[PDB]
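Enquirer: this one's structure only:
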Ligand SMILES: [Ca+2]
Ligand SMILES: [Ca+2]
């Protein structure tokens, strides 16, 4: 009775953590710079933002995979959070 798989990385492929879980965790939480990240998930829409839940860079997207490093804002991976719908 499980139909949800959200796997994302909070860093480079060969240098990041693999977060594989359904809707329940607080997105992401780690102190570091907003470097290259690997986001590959297919389930509705998700809101990505590197800051609080009421004062940060809002950026949502549909089911798709990507891994940029100069087109997603590289300020600082602090107080980052993302919820999947
Ligand atoms: Ca990152
Ligand atoms: Ca951030």
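Expert: All right, it came through fine. Numbering: from 1, shown residues only. Ligands and ions are numbered 1, 2, ... in the order given.
Enquirer: interface residues of the chain facing ligand 2?
Expert: Contact residues, the chain versus ligand 2 (Cβ under 5 Å from the ion): 34, 50, 77, 80. Where you see a C-beta, it was placed from the backbone N, CA and C, and this is true even at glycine.
Enquirer: Quick check: PyMOL command selecting the buried ones in these.
Expert: The PyMOL selection below is limited to those of those classed as buried (16 or more other Cβ atoms under 10 Å):
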select buried, resi 34+50+77+80
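Enquirer: Which one of the residues of the chain next to ligand 2 is nearest to ligand 2?
Expert: Of all these, residue 50 has the smallest distance to ligand 2: 2.3 Å, by Cβ to the ion.
Enquirer: Give me the phi and psi for the closest one.
Expert: Per-residue torsions, residue 50: phi -90, psi 70 (degrees, to the nearest 10).
Enquirer: And stretch 65-79, end to end?
Expert: In stretch 65-79, first residue to last residue: 23 Å (Cα to Cα, to the nearest Å).
Enquirer: What of stretch 75-85?
Expert: In stretch 75-85, first residue to last residue: 25 Å (Cα to Cα).
Enquirer: How about residues contacting that stretch?
Expert: When contacts are defined by Cβ atoms under 8 Å, 6 or more residues apart in numbering, stretch 75-85 is touched by residues 6, 8, 10, 23, 26-35, 41, 43-53, 56-57.
Enquirer: All set now, cheers.
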